[PDB]
Structures are given as C-alpha cells and as structure tokens.
Amino acid sequence: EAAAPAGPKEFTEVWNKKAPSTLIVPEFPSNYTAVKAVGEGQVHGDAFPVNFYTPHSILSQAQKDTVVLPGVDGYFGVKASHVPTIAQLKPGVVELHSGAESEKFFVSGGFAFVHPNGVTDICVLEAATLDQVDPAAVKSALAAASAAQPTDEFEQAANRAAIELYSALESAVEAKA
Amino acid sequence: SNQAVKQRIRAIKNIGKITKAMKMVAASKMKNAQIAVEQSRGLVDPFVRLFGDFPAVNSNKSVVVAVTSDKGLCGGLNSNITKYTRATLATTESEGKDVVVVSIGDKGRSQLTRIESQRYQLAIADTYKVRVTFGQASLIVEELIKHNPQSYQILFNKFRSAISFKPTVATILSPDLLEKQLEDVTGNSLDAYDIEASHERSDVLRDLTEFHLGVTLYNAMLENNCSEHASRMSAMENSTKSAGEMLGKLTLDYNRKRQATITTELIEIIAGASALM
Amino acid sequence: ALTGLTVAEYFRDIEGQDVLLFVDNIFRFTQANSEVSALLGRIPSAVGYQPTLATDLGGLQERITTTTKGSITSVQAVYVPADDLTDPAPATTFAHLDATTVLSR
Amino acid sequence: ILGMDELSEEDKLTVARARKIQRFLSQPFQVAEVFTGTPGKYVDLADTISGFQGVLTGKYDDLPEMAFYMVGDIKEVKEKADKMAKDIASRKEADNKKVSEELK
Amino acid sequence: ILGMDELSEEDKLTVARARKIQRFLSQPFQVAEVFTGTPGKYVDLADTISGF
Amino acid sequence: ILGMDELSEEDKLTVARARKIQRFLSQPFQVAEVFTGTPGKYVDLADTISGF
Amino acid sequence: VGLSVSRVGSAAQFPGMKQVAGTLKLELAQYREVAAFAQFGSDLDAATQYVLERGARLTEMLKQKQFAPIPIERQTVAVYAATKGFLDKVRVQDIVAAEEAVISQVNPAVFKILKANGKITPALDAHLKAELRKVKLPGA
Amino acid sequence: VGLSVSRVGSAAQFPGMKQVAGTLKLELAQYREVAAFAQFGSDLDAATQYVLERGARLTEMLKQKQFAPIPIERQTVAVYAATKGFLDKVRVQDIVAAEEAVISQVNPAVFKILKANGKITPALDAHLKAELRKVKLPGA
C-alpha cells in the first residue's frame, strides 16, 4: 500500500505550513546524487558503472565490465546487466575488470548492491589491495586468534570474525596467478 | 585620560593580529579537511540510491541529532542549525510521537537544553579534537540505536563551498518499523532486489540501516567540521574588519586628544608666564 | 625658502620660463617659522605652531603660481608629524597642494 | 568586534530587550510634526510604566524591534507590528491600473 | 589565503592585466644611466594614454 | 580570546610555571600581620634562588 | 543623507518635489538598515534584495556632474521616475544615462505644467505616467 | 629591528656583512609579519613555519652579553652560520654548546682572511661551508 507519499518535495509544503518563511528549505542528500536506482540507463553496451567505496576513500568510479564480489554464499561475478541484488560481502577479494587490466582489492566485509538501472555499488569499510598487506603477520594473527578462544559470546563472535577474515586473507595472498 | 586610549589601541591592534592569524589557521584547516569531505561524499550516494530519501515520514519515535561545533568562533553556524532543528522538528512531530534530540559538539548542548530541554537525552562532544573517524561515528550510532526509534534525523551544514553552507537534513528509516512499509509500490520496490545474504531480509535490512546511519553520521560530522572551519575563516575576516575599523576610529580619537593635550599644556604655560612677565 | 623662490621668480617673470622649485621638507619651513615666532615672544597657536601659520605658509605658497609671463611649479617634500594628517602643519600645507606623489618602500 | 553569535543565550536576550527599550524610549513630538510628518504623541505616566513593565518582563519578545520605534504607548507597539505584517502580506494584493480614464 | 587555483578567470584577467600595468608604470631615467647602464626614456602624454 | 586550551603543552606549561612564579613572588610581611593575620617571613638569598 | 538636515526650508520646498522627495528620503532611510552588510557581514535575506537594488537606483539618481545645475521641474520628474518604479529594470551602471534619456525623451510640456502649477496635479500624474512608459531606457 | 633606521645604510658597512645581512633583514621582516602565528598550536602551512623557526633562531643569534664586543669578522661568520641554514636545526635544548661553538671551533685562519679581504670571496665560502659543516658540539 502506498497511501502516504513521503519524500523531499512533499516535505517542502509541510515545512512551508509549520515552519516560518524566514528560512529557506533545508537540503536533502538526494539533491546531491545524480544517479538513482530505477531511472534507466548507464549500461549502453557491455560496460556498466561501478562505485567502489570506503568511508575514507573513493576507490573507483570508472566503468568496468566484470566485477567479482565475495558474497556470503560465495564468490559471484557481476557482468553488464546483472539481476538487481543486495549482496552481503564476507572478507574476500574484490576484482575489477577493465579488459586485460584488473584491480584486485581485498576487502574486510561490507555490502554490494546491483541496481535496476545496471549500476553497481560496492560499500566496504576497509579495502586494502594485496601488496599493502604482509603475508608474515596474517599467520601470526591467525595463530594469536584461533588458539585463545574465550567462551563468552562477544569475544567468540569477535574470534569467529577474526578466523574468517584471517583465513580468507591467508587464502588470498598466495592465490595470485 | 590619554594613556587609556593608547592601551585600548594596543589591545585592538593585537586583537586584529590574533584574528588575522586565526583566519589563516581556519583557512589551512579548511584546505586540509576538504579532501576527506570530498572522499566521504561517495558512500552516502548508494544508500539514498537504494533506500531513497523520505524526510516527512509519520513515525512513533525519532532520534534527531544536530551536529554542532566544539569551539565557538564559527559565527552563526551552531545557532542556524538550532533554528533549522526546531524548524524541521515542528514540521515532523504532529502525530503525538516521542522525539529524542541529540547534539554532537558541546556548542549544541549549550543551545539545545533551553529550547527543547525535557526531550534532550544525549550530548556528544570532543569529536573533532584529534580527527573524525568511522569507528567514532559507529560508536555514536551505536548509542543512537541503544533506543530504537523509527527514524534518524541528522541536522548538519553541508559544505557546498567556502562561501555557502546549506543546512541539510538526512533521514534513516529503521528497517521493520518504517523502511519495509515506506517502499510498497504495488507490492514493494525492494522486492526487485535479490537478497544474497546469510539470514533473512529483516536482518540484512537491519545491518544496512545501522551501516547507513553510521555512514551518513560520519559524513555529517565531517561536512559540519569543514563548514565550521570555513565559517570561522569568514567570521575572523569580519573580526579583522571590525577591529581595523575600531582601531582607525580610536587612532583619530587619540590624535584629537594628543593635539588637545599639547594645546592645553601650552596654554597653561603661557598663562603662567603672562602673570609673571 | 623665500630666497629659493626669488631665484625661481627671476626665471618666471624675466626669463618667461616654466621653472621648477623644490622645497625639501616644507614641514621644516613651518617649524623654522614657528621657532622664529616663538623667539619673538608671540603666543603660540594650536598644538604648538605659530599663530601666523596659515599666513606664513600662504606668503610662500601664493607666490608659486602661473602668471602671464611664466610659471613656477613646486614639488614640496611633506613630512607628517606623528603620522597625523590633522596636525595643523600638514592640514595647512594640504590646502595649497594641487597633487600628491606618494613614494612607498 | 565579534558579532552577536558569540554572546551567551542569556545575554542575547539582554541585547534584544535593550534594543527594544531603547527604541521604546523614543517618541514623536507635536512640535517636530512639521518637519517629520508623523503626529506627536503625549504619553501618560501609567502607560509608560505599564509599557516598560511589559518589555522588561518579556511580554513583547514576539514583536519586532522597529514596532517600538517612534510610537506613543504599548498599544501602538502592537498596532505597528500589525501594520508591519499586513505590509509584507501586501506584496501581492493587486496590480494597480486606472484605464479608460483620460476623458473623465 | 587560497591561491591562484580558486581564482576565477574573470578574476585572473584582472591579475594578468594589473601585473603588466604595474610593470608598465616603471620606467628608466636619464639621470640614472651613468650607473645603471640602460638609457633613460622620455614618454609623451599621448603615448602614455595610448600605451595604457 | 582563545581560552588556553590549544597551546600544545609548551605554552600551556609556561603559563602554569609563570603563575606559580607570580604567586611565589608574594610574601607575608612582619609589619603586615596586623591587617592580614598571616605571620611574616624572612627568606634568605640562597634560600630563594633554589626555590625559584 | 543621515546627518544633513534642513528644518527651515522643509516648509519652503517646491511642492511636487515635496510630494516625491518625502518618499525618497523614507526609502533612503530604510536603505540604511542594510547599509554595507547586505552579505558582507553574515547573511543575505533575498527578500530585502529589493531595498538594496532600489536604494542603489536612488543613490545613482542623485549623482550629478559638476557645473550643471538642474531646474527643479526637471528634478522632480527624475525623482518621480526613480521613485514610482519606472527605472527598476534599468541596470545600476546606466541609471545616469537613463535619467538624461528620461529628461530628453519626455515632451517638454509636462515641465512647463509642473513649473507653472507648482505641484504634480491629479491631471498631471496620469499624463506623466503616460509619457514615462514610452521612454527608451538604454540597455536592459 | 623594525623601528631602527640607518639613512647611510648599506653603503657604510662591512662588505662581508653586506652580502649576508641583506638576507637577514628580509628574513627578520618576514618573521615580524608572521610573528602573531608563533603562539598558535595548530601548525600552519609549513612555509610560515619555516620563517617562524628561522627568524626565531635569527633573533637568538643577535643576542649579546654586556661589555664583551665582538670583532666584525666573527659576527660575519656568525651570521653566515645562521642565514645559510647551518644553525641548530636539531631540537634547541642545545643552545649554550651551539651559539659560540662556531667561533670557538672553526679554525682562526678564516677570520684572518675575512678581515684582510673584507669580503666573503669565492675562494673562501667553500672553506666556510666546509668548516661550518664539521662543527663538533660535544655537549650532547
């Protein structure tokens, strides 16, 4: 049921009723975004625009043709016009493809959306590519993680996240072709 | 007499030197903390692409946070978003609902605990001392989802430019309370998305809305920090202009007093010498 | 200054030339006339200058003019005491000045 | 040298009430009406005490500062804040045109 | 406080003109050529108005 | 104008040390006991050089 | 305009100039409520943009070159055009040309009528608003 | 330094000092222009920090105790040791074993050459930078 049409342009009239005319109408974050989800386009062939984001850095806003994401049900490739999805990512390697060239970032988790206008958005919290991570401290960190296991629920959830991330990072450092 | 105006001149002169130093300090802080504001603008795009933007929702509980500043030479920022806070809050409280008002920065706890005092539960400060990080904003969002409202209003000044700061409200609908209801369009608009999570959609939406609150809260306080620096850069220019204008008038006043002083002392000496000679 | 102006006035009136006259620090002309007026027992005016200040300046500055025979143009160095433009000596000098050339470091 | 935005919240109220009472001390005169145009105001003593009681206690924080300027008593403050807000609503009242008039 | 980066070209044609104008106010003097090498220039009034 | 909070522990230390020095320069006088109450103090030269 | 008064020739004013110049002085009075803090200090309202972009027109109307005094009947018509609103679409850079264009293009009968009658009569303001809407204000 | 004038100026000073104090007065004027920034905690754009450290060491180089005047060839090398960047760019708790360490450790032949020629010749500044680089400072 859609009997309550909320939104930015519906906020303006109620703001002109209950807030005074001394102030201009406040902005909304949908006024700064040129690209939406249902507004069709952006594919125009075999490429499709990717948006690899961390909270501290924009890693890519180029147009790729193949995106490999580490979903919680396993890895999956995103071609040009994928089905619209909301994929929770586990620790793994995101692989971008421009053709012969590739970017392989190892992420720490986060999400990945594919939208009905063919755009995709990869929303992680820390994405370090594989030359920035050392292979010497990942085994030290897993040995310091998978051995001391507290039976408390919070510490064992942290330990499960630790062994998952460090196992994926150990399986990702030597699996470069 | 004539020494108090000279010490007041010496006061306003180094007040003008102070404010001219503070303008360039705030300008360098605006230049350094602009690239982080430009980087953090990316991650707020896919969540308003996915969840939309619905400010005027009818809710049962709403945590409204007004992201103010820490130090207060910003000159019309922390009161302007207090005005915008009450202007966007009177718009969206006509359902008989509860409203929690929060302030990030301790120049908002001085301006919000007298206009809406009994609905003020939380005051956050010191978030700009070292820097703004995502773990800090995630902890602040964790104390925001201590209580479970149906909406999260974020009041902050969007750093549009070094001249213009548009105050921006951003809303986060909590998942099963409002987000699964505010997306129904002959069925739903979220059912076009194929959920690829471990558990059900009611939990991946919970994780997505907490992460969206953390993302836009981090971006909100980063934008508000850059607007603080860019408004202090203009307020200290106004203070240099005012303390140069006051100094220019007080210099003329001192010159008039100096001229009158030599004239009256000379007239006293002539009046003494004309009684004897 | 009256001596130098007379040497310029011979080039103005008899030679019929456009002579220049440079007065280095016209404030020192004012100060010397103030000292002459103070030594003659006259009561000083405002801030310490002579009572004859406007007319002692005008007796000099009104002979610097263009006539039908020639002209005297004067470039006078002006010192401003305590950087006060409202001091009586620069304020009385500025009533005769037709131009101003500020040289800055 | 700093602006009003750096004042305390208790002091901004002091500045607002003081800028109200220092416009309210002004008054039009019957002998000044020939060169000012506004008619003069004679103000009784009880009206002055009753007006300044209301501006001191905070009864007229609603009305703007220029409503107090050059008025007789505390009634004329409210009857000027009406005329100051009829007039900003009188931006869109009509378009004045007088047509077919030249042969009247 | 900001730099040449945030200057508009509408406010950079003024810089590019005012710099060569304040260069063009300078002029070598004949009385200084005995120790500065470059000869002195007498500029007419019409040449000054045209050249500015 | 600022409030002594940002001075990066080199100018915040020289405020506290100079304030301790300002209070340490004061001294109760023997002749001032009859309008302060505090007994007077005689501080010798090698005893104030080390104390400062 | 804020400090200079004249309280004896205020009654000895040319009527017509007394009809328009009181409104002129009132509008220049409320122009000095936003004087040099339009957006220089903290903020701009954009509802009082009209008083700024009208006080600039009333200021540029009163500018006048040297050794050229104006008859009073050609001053009250110029302040009539500046006050009644016949010059608001003229840019501020060319109001000094718009004034001489108004004085040149309006027919000289209204000047003689305003000089002889000594006031803008209700028979005259209609013909003046007629002759003021067919003037070619340059630019704009 | 800002209020002290010399109208005879650089035409009546040591030519060894004339080439080295000319940079010194410009660096001190730049330090005077920025001297309000010195007591700030949030460090600036590192162009003003460079002059704020350089001028704050140059004002320490102009200090002098009473009734012990210095020859001009020693003040020339002491200004050359500070305006050419050779000065105590380590943390400045090494001062007492750093100010006169230049004139007590550099060999006294260069004072004889600088006094005799009256100038820092191109055949002397090489050994000047060489001797200024091999300063001991044995107190740390």
# chains A, B, ... in the order shown; residues from 1 in each chain; ligands from 1

$ residues_around --residues "residue 101 in chain B" --least-positions-apart "2" --cutoff "10 Å" --atoms "only C-alpha atoms" --output "NGL selection string"
:B and (62-66 or 85 or 89 or 99 or 103 or 112-113 or 116-123 or 153)

$ write_last_selection --atoms "C-alpha atoms" --output "mmCIF file, in the first residue's frame"
data_model
loop_
_atom_site.group_PDB
_atom_site.id
_atom_site.type_symbol
_atom_site.label_atom_id
_atom_site.label_comp_id
_atom_site.auth_asym_id
_atom_site.auth_seq_id
_atom_site.Cartn_x
_atom_site.Cartn_y
_atom_site.Cartn_z
ATOM 1 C CA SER B 62 12.563 9.722 16.148
ATOM 2 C CA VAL B 63 16.119 10.436 17.261
ATOM 3 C CA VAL B 64 17.030 13.855 15.866
ATOM 4 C CA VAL B 65 20.706 14.746 16.063
ATOM 5 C CA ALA B 66 22.001 18.258 15.382
ATOM 6 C CA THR B 85 16.451 21.853 14.072
ATOM 7 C CA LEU B 89 11.228 19.243 14.165
ATOM 8 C CA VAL B 99 11.240 12.819 19.906
ATOM 9 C CA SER B 103 23.756 17.140 19.800
ATOM 10 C CA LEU B 112 19.549 22.944 22.860
ATOM 11 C CA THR B 113 18.978 22.347 26.602
ATOM 12 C CA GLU B 116 13.815 21.623 23.953
ATOM 13 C CA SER B 117 15.044 20.568 27.393
ATOM 14 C CA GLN B 118 12.959 17.588 28.532
ATOM 15 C CA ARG B 119 13.378 15.774 25.194
ATOM 16 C CA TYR B 120 17.190 16.084 25.327
ATOM 17 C CA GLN B 121 18.695 12.744 26.345
ATOM 18 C CA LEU B 122 22.229 12.687 24.931
ATOM 19 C CA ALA B 123 25.080 15.157 24.419
ATOM 20 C CA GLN B 153 17.147 12.876 11.522
#

$ calpha_fit_and_write --fixed "chain E" --moving "chain F" --output "PDB file with N, CA and C atoms, in the first residue's frame"
ATOM      1  N   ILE F   1      47.029  33.142   0.443  1.00  0.00           N
ATOM      2  CA  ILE F   1      46.433  32.102   1.277  1.00  0.00           C
ATOM      3  C   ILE F   1      45.847  31.011   0.383  1.00  0.00           C
ATOM      4  N   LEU F   2      45.397  31.378  -0.815  1.00  0.00           N
ATOM      5  CA  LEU F   2      44.813  30.399  -1.731  1.00  0.00           C
ATOM      6  C   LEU F   2      45.778  30.014  -2.849  1.00  0.00           C
ATOM      7  N   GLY F   3      46.320  30.994  -3.568  1.00  0.00           N
ATOM      8  CA  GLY F   3      47.376  30.695  -4.516  1.00  0.00           C
ATOM      9  C   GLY F   3      47.148  31.152  -5.940  1.00  0.00           C
ATOM     10  N   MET F   4      46.049  31.882  -6.174  1.00  0.00           N
ATOM     11  CA  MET F   4      45.626  32.373  -7.494  1.00  0.00           C
ATOM     12  C   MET F   4      45.476  31.219  -8.492  1.00  0.00           C
ATOM     13  N   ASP F   5      44.536  30.327  -8.183  1.00  0.00           N
ATOM     14  CA  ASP F   5      44.211  29.247  -9.104  1.00  0.00           C
ATOM     15  C   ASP F   5      42.721  28.996  -9.282  1.00  0.00           C
ATOM     16  N   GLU F   6      41.848  29.571  -8.453  1.00  0.00           N
ATOM     17  CA  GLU F   6      40.424  29.259  -8.474  1.00  0.00           C
ATOM     18  C   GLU F   6      39.550  30.450  -8.848  1.00  0.00           C
ATOM     19  N   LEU F   7      40.145  31.571  -9.253  1.00  0.00           N
ATOM     20  CA  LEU F   7      39.442  32.850  -9.303  1.00  0.00           C
ATOM     21  C   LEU F   7      38.567  33.037 -10.543  1.00  0.00           C
ATOM     22  N   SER F   8      38.379  31.990 -11.353  1.00  0.00           N
ATOM     23  CA  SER F   8      37.337  31.886 -12.384  1.00  0.00           C
ATOM     24  C   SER F   8      37.492  32.909 -13.510  1.00  0.00           C
ATOM     25  N   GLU F   9      38.740  33.225 -13.873  1.00  0.00           N
ATOM     26  CA  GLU F   9      39.133  33.970 -15.073  1.00  0.00           C
ATOM     27  C   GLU F   9      38.601  35.398 -15.184  1.00  0.00           C
ATOM     28  N   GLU F  10      37.972  35.923 -14.137  1.00  0.00           N
ATOM     29  CA  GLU F  10      37.693  37.352 -14.091  1.00  0.00           C
ATOM     30  C   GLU F  10      38.589  38.061 -13.087  1.00  0.00           C
ATOM     31  N   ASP F  11      38.912  37.392 -11.981  1.00  0.00           N
ATOM     32  CA  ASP F  11      39.900  37.878 -11.034  1.00  0.00           C
ATOM     33  C   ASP F  11      41.300  37.353 -11.323  1.00  0.00           C
ATOM     34  N   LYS F  12      41.432  36.315 -12.149  1.00  0.00           N
ATOM     35  CA  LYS F  12      42.749  35.896 -12.611  1.00  0.00           C
ATOM     36  C   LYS F  12      43.250  36.748 -13.765  1.00  0.00           C
ATOM     37  N   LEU F  13      42.346  37.398 -14.499  1.00  0.00           N
ATOM     38  CA  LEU F  13      42.751  38.312 -15.559  1.00  0.00           C
ATOM     39  C   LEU F  13      43.118  39.678 -15.005  1.00  0.00           C
ATOM     40  N   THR F  14      42.401  40.137 -13.978  1.00  0.00           N
ATOM     41  CA  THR F  14      42.678  41.427 -13.367  1.00  0.00           C
ATOM     42  C   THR F  14      43.930  41.410 -12.498  1.00  0.00           C
ATOM     43  N   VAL F  15      44.494  40.234 -12.216  1.00  0.00           N
ATOM     44  CA  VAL F  15      45.810  40.163 -11.595  1.00  0.00           C
ATOM     45  C   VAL F  15      46.899  40.350 -12.643  1.00  0.00           C
ATOM     46  N   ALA F  16      46.770  39.657 -13.776  1.00  0.00           N
ATOM     47  CA  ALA F  16      47.785  39.730 -14.823  1.00  0.00           C
ATOM     48  C   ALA F  16      47.805  41.099 -15.488  1.00  0.00           C
ATOM     49  N   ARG F  17      46.627  41.698 -15.693  1.00  0.00           N
ATOM     50  CA  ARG F  17      46.562  43.031 -16.279  1.00  0.00           C
ATOM     51  C   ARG F  17      47.153  44.078 -15.344  1.00  0.00           C
ATOM     52  N   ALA F  18      46.872  43.967 -14.046  1.00  0.00           N
ATOM     53  CA  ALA F  18      47.430  44.924 -13.100  1.00  0.00           C
ATOM     54  C   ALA F  18      48.917  44.700 -12.880  1.00  0.00           C
ATOM     55  N   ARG F  19      49.401  43.472 -13.050  1.00  0.00           N
ATOM     56  CA  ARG F  19      50.836  43.241 -12.950  1.00  0.00           C
ATOM     57  C   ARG F  19      51.569  43.792 -14.168  1.00  0.00           C
ATOM     58  N   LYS F  20      50.966  43.670 -15.358  1.00  0.00           N
ATOM     59  CA  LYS F  20      51.506  44.335 -16.543  1.00  0.00           C
ATOM     60  C   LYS F  20      51.459  45.851 -16.398  1.00  0.00           C
ATOM     61  N   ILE F  21      50.456  46.369 -15.685  1.00  0.00           N
ATOM     62  CA  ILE F  21      50.365  47.807 -15.463  1.00  0.00           C
ATOM     63  C   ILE F  21      51.424  48.269 -14.466  1.00  0.00           C
ATOM     64  N   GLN F  22      51.656  47.481 -13.412  1.00  0.00           N
ATOM     65  CA  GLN F  22      52.705  47.767 -12.437  1.00  0.00           C
ATOM     66  C   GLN F  22      54.083  47.792 -13.082  1.00  0.00           C
ATOM     67  N   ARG F  23      54.382  46.802 -13.928  1.00  0.00           N
ATOM     68  CA  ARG F  23      55.659  46.835 -14.633  1.00  0.00           C
ATOM     69  C   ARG F  23      55.695  47.946 -15.672  1.00  0.00           C
ATOM     70  N   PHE F  24      54.547  48.293 -16.253  1.00  0.00           N
ATOM     71  CA  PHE F  24      54.523  49.330 -17.274  1.00  0.00           C
ATOM     72  C   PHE F  24      54.619  50.730 -16.688  1.00  0.00           C
ATOM     73  N   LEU F  25      54.347  50.902 -15.394  1.00  0.00           N
ATOM     74  CA  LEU F  25      54.519  52.212 -14.778  1.00  0.00           C
ATOM     75  C   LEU F  25      55.986  52.558 -14.555  1.00  0.00           C
ATOM     76  N   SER F  26      56.864  51.561 -14.509  1.00  0.00           N
ATOM     77  CA  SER F  26      58.287  51.799 -14.351  1.00  0.00           C
ATOM     78  C   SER F  26      58.874  52.396 -15.626  1.00  0.00           C
ATOM     79  N   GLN F  27      59.978  53.125 -15.464  1.00  0.00           N
ATOM     80  CA  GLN F  27      60.552  53.841 -16.589  1.00  0.00           C
ATOM     81  C   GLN F  27      62.033  54.059 -16.342  1.00  0.00           C
ATOM     82  N   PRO F  28      62.898  53.809 -17.324  1.00  0.00           N
ATOM     83  CA  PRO F  28      64.314  54.141 -17.150  1.00  0.00           C
ATOM     84  C   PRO F  28      64.525  55.639 -17.253  1.00  0.00           C
ATOM     85  N   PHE F  29      65.331  56.165 -16.344  1.00  0.00           N
ATOM     86  CA  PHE F  29      65.583  57.591 -16.276  1.00  0.00           C
ATOM     87  C   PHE F  29      66.899  57.931 -16.958  1.00  0.00           C
ATOM     88  N   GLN F  30      66.964  59.149 -17.496  1.00  0.00           N
ATOM     89  CA  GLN F  30      68.196  59.633 -18.109  1.00  0.00           C
ATOM     90  C   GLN F  30      69.283  59.828 -17.062  1.00  0.00           C
ATOM     91  N   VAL F  31      68.901  60.272 -15.863  1.00  0.00           N
ATOM     92  CA  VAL F  31      69.860  60.463 -14.778  1.00  0.00           C
ATOM     93  C   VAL F  31      70.199  59.171 -14.056  1.00  0.00           C
ATOM     94  N   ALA F  32      69.475  58.088 -14.330  1.00  0.00           N
ATOM     95  CA  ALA F  32      69.722  56.806 -13.690  1.00  0.00           C
ATOM     96  C   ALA F  32      70.492  55.842 -14.573  1.00  0.00           C
ATOM     97  N   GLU F  33      71.023  56.307 -15.710  1.00  0.00           N
ATOM     98  CA  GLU F  33      71.867  55.467 -16.550  1.00  0.00           C
ATOM     99  C   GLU F  33      73.176  55.108 -15.867  1.00  0.00           C
ATOM    100  N   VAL F  34      73.666  55.959 -14.960  1.00  0.00           N
ATOM    101  CA  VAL F  34      74.976  55.740 -14.350  1.00  0.00           C
ATOM    102  C   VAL F  34      74.917  54.848 -13.124  1.00  0.00           C
ATOM    103  N   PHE F  35      73.748  54.287 -12.798  1.00  0.00           N
ATOM    104  CA  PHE F  35      73.697  53.190 -11.841  1.00  0.00           C
ATOM    105  C   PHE F  35      72.682  52.113 -12.219  1.00  0.00           C
ATOM    106  N   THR F  36      72.158  52.114 -13.445  1.00  0.00           N
ATOM    107  CA  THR F  36      71.374  50.979 -13.922  1.00  0.00           C
ATOM    108  C   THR F  36      71.925  50.471 -15.248  1.00  0.00           C
ATOM    109  N   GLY F  37      72.390  51.382 -16.099  1.00  0.00           N
ATOM    110  CA  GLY F  37      72.946  50.988 -17.378  1.00  0.00           C
ATOM    111  C   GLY F  37      71.990  51.169 -18.535  1.00  0.00           C
ATOM    112  N   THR F  38      70.709  50.958 -18.267  1.00  0.00           N
ATOM    113  CA  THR F  38      69.685  51.084 -19.298  1.00  0.00           C
ATOM    114  C   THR F  38      69.521  52.551 -19.673  1.00  0.00           C
ATOM    115  N   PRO F  39      69.462  52.883 -20.960  1.00  0.00           N
ATOM    116  CA  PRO F  39      69.255  54.277 -21.357  1.00  0.00           C
ATOM    117  C   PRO F  39      67.860  54.786 -21.005  1.00  0.00           C
ATOM    118  N   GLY F  40      67.783  56.094 -20.772  1.00  0.00           N
ATOM    119  CA  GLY F  40      66.548  56.697 -20.321  1.00  0.00           C
ATOM    120  C   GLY F  40      65.556  56.913 -21.443  1.00  0.00           C
ATOM    121  N   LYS F  41      64.295  57.082 -21.049  1.00  0.00           N
ATOM    122  CA  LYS F  41      63.181  57.176 -21.981  1.00  0.00           C
ATOM    123  C   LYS F  41      62.317  58.381 -21.643  1.00  0.00           C
ATOM    124  N   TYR F  42      61.906  59.110 -22.676  1.00  0.00           N
ATOM    125  CA  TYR F  42      60.923  60.180 -22.562  1.00  0.00           C
ATOM    126  C   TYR F  42      59.647  59.706 -23.246  1.00  0.00           C
ATOM    127  N   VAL F  43      58.569  59.580 -22.478  1.00  0.00           N
ATOM    128  CA  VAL F  43      57.306  59.036 -22.966  1.00  0.00           C
ATOM    129  C   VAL F  43      56.272  60.151 -22.947  1.00  0.00           C
ATOM    130  N   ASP F  44      55.737  60.490 -24.117  1.00  0.00           N
ATOM    131  CA  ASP F  44      54.842  61.629 -24.223  1.00  0.00           C
ATOM    132  C   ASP F  44      53.430  61.239 -23.770  1.00  0.00           C
ATOM    133  N   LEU F  45      52.557  62.248 -23.665  1.00  0.00           N
ATOM    134  CA  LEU F  45      51.268  62.088 -22.998  1.00  0.00           C
ATOM    135  C   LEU F  45      50.291  61.256 -23.822  1.00  0.00           C
ATOM    136  N   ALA F  46      50.099  61.611 -25.097  1.00  0.00           N
ATOM    137  CA  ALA F  46      49.261  60.799 -25.973  1.00  0.00           C
ATOM    138  C   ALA F  46      49.898  59.444 -26.256  1.00  0.00           C
ATOM    139  N   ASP F  47      51.208  59.341 -26.077  1.00  0.00           N
ATOM    140  CA  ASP F  47      51.950  58.107 -26.241  1.00  0.00           C
ATOM    141  C   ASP F  47      51.919  57.220 -25.001  1.00  0.00           C
ATOM    142  N   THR F  48      51.493  57.735 -23.842  1.00  0.00           N
ATOM    143  CA  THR F  48      51.312  56.845 -22.698  1.00  0.00           C
ATOM    144  C   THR F  48      49.838  56.561 -22.427  1.00  0.00           C
ATOM    145  N   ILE F  49      48.938  57.458 -22.851  1.00  0.00           N
ATOM    146  CA  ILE F  49      47.505  57.196 -22.705  1.00  0.00           C
ATOM    147  C   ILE F  49      47.085  56.005 -23.558  1.00  0.00           C
ATOM    148  N   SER F  50      47.553  55.946 -24.807  1.00  0.00           N
ATOM    149  CA  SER F  50      47.223  54.813 -25.666  1.00  0.00           C
ATOM    150  C   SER F  50      47.917  53.537 -25.200  1.00  0.00           C
ATOM    151  N   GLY F  51      49.148  53.661 -24.698  1.00  0.00           N
ATOM    152  CA  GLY F  51      49.864  52.500 -24.200  1.00  0.00           C
ATOM    153  C   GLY F  51      49.252  51.896 -22.954  1.00  0.00           C
ATOM    154  N   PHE F  52      48.645  52.719 -22.102  1.00  0.00           N
ATOM    155  CA  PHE F  52      47.951  52.169 -20.946  1.00  0.00           C
ATOM    156  C   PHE F  52      46.527  51.754 -21.283  1.00  0.00           C
TER     157      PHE F  52
END

$ calpha_fit_rmsd --fixed "chain G" --moving "chain H"
2.1 Å

$ residues_around --residues "residue 198 in chain B" --least-positions-apart "3" --cutoff "12 Å" --atoms "only C-alpha atoms" --output "JSON, numbers by chain"
{"A": [71, 72, 73, 74, 86, 87, 88, 89, 90], "B": [195, 201, 202, 203, 204, 205, 207]}

$ select_by_dssp --residues "chain F" --states "alpha helix (DSSP H)" --output "short mmCIF file (atom, residue, chain, number, x, y, z; two decimals) with C-alpha atoms, in the first residue's frame"
data_model
loop_
_atom_site.label_atom_id
_atom_site.label_comp_id
_atom_site.auth_asym_id
_atom_site.auth_seq_id
_atom_site.Cartn_x
_atom_site.Cartn_y
_atom_site.Cartn_z
CA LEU F 13 53.32 24.83 30.68
CA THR F 14 54.86 28.32 30.60
CA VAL F 15 51.52 29.73 31.80
CA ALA F 16 51.33 27.43 34.82
CA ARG F 17 55.01 27.89 35.69
CA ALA F 18 54.74 31.67 35.46
CA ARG F 19 51.56 31.64 37.54
CA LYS F 20 53.36 29.61 40.22
CA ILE F 21 56.16 32.18 39.96
CA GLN F 22 53.70 35.08 40.32
CA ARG F 23 52.21 33.53 43.45
CA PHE F 24 55.69 32.63 44.70
CA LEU F 25 56.90 36.23 44.44
CA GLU F 33 50.44 40.86 60.31
CA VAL F 34 48.10 43.48 61.80
CA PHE F 35 45.96 43.68 58.67
CA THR F 36 46.38 40.23 57.08
CA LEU F 45 69.15 34.68 49.27
CA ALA F 46 70.41 31.13 48.70
CA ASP F 47 67.03 30.02 50.06
CA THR F 48 65.10 31.92 47.37
CA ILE F 49 67.46 31.21 44.45
#
